[PDB]
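Engineer: Would you mind keeping the following structure in view while I ask a few things?
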Amino acid sequence: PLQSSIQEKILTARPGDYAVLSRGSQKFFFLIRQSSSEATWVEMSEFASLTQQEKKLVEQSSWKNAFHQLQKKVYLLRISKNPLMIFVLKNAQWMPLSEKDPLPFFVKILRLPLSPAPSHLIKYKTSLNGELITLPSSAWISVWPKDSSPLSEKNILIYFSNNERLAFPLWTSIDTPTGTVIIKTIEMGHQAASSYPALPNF
Numbered sequence: 034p035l036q037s038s039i040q041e042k043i044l045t046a047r048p049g050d051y052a053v054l055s056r057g058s059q060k061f062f063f064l065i066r067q068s069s070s071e072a073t074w075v076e077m078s079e080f081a082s083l084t085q086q087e088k089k090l091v092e093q094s095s096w097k098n099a100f101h102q103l104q107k108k109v110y111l112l113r114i115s116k117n118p119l120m121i122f123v124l125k126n127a128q129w130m131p132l133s134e135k136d137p138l139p140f141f142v143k144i145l146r147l148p149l150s151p152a153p154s155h156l157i158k159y160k171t172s173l174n175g176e177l178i179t180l181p182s183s184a185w186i187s188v189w190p191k192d193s194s195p196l197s198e199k200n201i202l203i204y205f206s207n208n209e210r211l212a213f214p215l216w217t218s219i220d221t222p223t224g225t226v227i228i229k230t231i232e233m234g235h236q237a238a239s240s241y242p243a244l245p246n247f
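For the sequence shown, the positions run 34 to 104, 107 to 160, 171 to 247 when the entry's author numbering is used.
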């Protein structure tokens with residue numbers, strides 16, 4: 034009934050909205066750059082490690098404000116009624132992808148369904174940086190598609206702030222064969238500006 038999807042939920046975000054997600058050692062910076070009735074552009078930068086000297090800039094301010102000072108792959112997503120289009124940054128230009136390396140993974144995530152579900156955070160028997178799962182939240186159940194990966198048909202639990210103005214997830218937990226996996230949101234906020242080249246001109 035409140036059946037939604039990750040694409041639908043993220044399209045409620047506004048330009049300048051951002052979030053930093055963590056999967057152990059990996060860090061991903063998501064930024065909403067432009068939104069029209071026809072397309073929403075989302076930039077995604079990966080890091081796998083930060084300089085012990087660069088960790089100091091972040092604690093001293095924030096991911097958003099220290100970002101322009103970090104020594107990564109950079110993707111640009113154009114989300115529309117039409118099929119997803121992805122670009123990678125190569126020599127200061129947004130280059131289209133047809134070497135479908137991350138392309139199908141992204142489309143899967145965007146298609147993931149969301150329905151309301153009870154919290155399982157505990158088993159009983171502008172910027173915001175820190176332990177964001179302590180924010181007021183509600184849980185949403187999803188399931189990965191049947192496919193050729195360990196994630197195939199695995200259950201997903203995604204937490205979102207009760208404040209719809211915060212459109213990125215707070216916390217994502219996914220069953221796998223190795224055991225459960227947590228993608229943690231360590232910072233989210235508003236009014237971020239891209240450090241990368243301007244959007245493709247069509």
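Note that beta-carbon positions come from the ideal geometry of N, C-alpha and C, so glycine has one too.
Going by Cα to Cα distance, which pick from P137, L147, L64 and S37 is closest to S197?
Structural biologist: That would be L147, whose Cα lies nearest to the Cα of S197.
Engineer: So, with DSSP's three-state summary, where would you put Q67?
Structural biologist: Note: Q67 maps to strand in three-state DSSP.
Engineer: Using beta-carbon positions only, say whether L119 and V109 come within less than 9 Å of one another.
Structural biologist: No.
Engineer: DSSP state of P131, grouped into three classes?
Structural biologist: In this structure, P131 counts as strand in the three-state DSSP scheme.
Engineer: For chain B, check one thing: does any of its Cβ atoms lie closer than 9 Å to the Cβ of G49?
Structural biologist: Although the question refers to chain B, the structure presented lacks it and comprises just one protein chain.
Engineer: Please work out which residues of its chain come closer than 7 Å, Cβ to Cβ, to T84, disregarding the five sequence neighbours upstream and downstream, and give them in chain order.
Structural biologist: Hits under 7 Å: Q104.
Engineer: Whole-angstrom Cβ separation of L215 and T230, contact assumed at under 8 Å?
Structural biologist: That pair is a contact at about 5 Å.
Engineer: Do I219 and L145 count as a contact pair if the criterion is CB distance below 9 Å?
Structural biologist: Their beta carbons are not under 9 Å apart, which means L145 does not touch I219 by this criterion.
Engineer: If distances are taken between C-alpha atoms only, which option among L202, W189 and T171 comes closest to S182?
Structural biologist: When each option's Cα is compared against that of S182, the closest is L202.
Engineer: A152 by DSSP, collapsed to three states: which one?
Structural biologist: Looking at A152 - three-state DSSP - the assignment turns out to be strand.
Engineer: For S239, tell me which candidate among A46, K97 and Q93 has the shortest Cα-Cα distance.
Structural biologist: Among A46, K97 and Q93, the Cα nearest to that of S239 is on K97.
Engineer: For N98, which of helix, strand or coil comes out of DSSP?
Structural biologist: Helix.
Engineer: Do you know offhand how far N174's Cα is from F213's?
Structural biologist: Taking the straight line joining both Cα atoms gives about 13 Å.
Engineer: Does the Cβ-Cβ distance between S37 and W185 come in under 9 Å?
Structural biologist: Going by C-beta atoms, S37 is nearer than 9 Å to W185.
Engineer: Out of curiosity, what's the CA-to-CA distance linking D136 and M130?
Structural biologist: Straight-line Cα distance between these residues: approximately 14 Å.
Engineer: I39 by DSSP, collapsed to three states: which one?
Structural biologist: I39: helix per DSSP, three-state reduction.
Engineer: Taking the beta carbon of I114 as the centre, do at least 16 other beta carbons fall within 10 Å, making it buried, or is it exposed?
Structural biologist: Its Cβ being crowded by 16 or more others within 10 Å, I114 is buried.
Engineer: So if DSSP puts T217 in a beta bridge, which residue, or which two residues, is it bridged to?
Structural biologist: For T217, which the question treats as bridged, DSSP gives the partners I203 and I228.
Engineer: On the criterion of 16 or more Cβ atoms from any shown chain inside 10 Å, does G234 qualify as buried, or is it exposed?
Structural biologist: So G234 ends up on the buried side.
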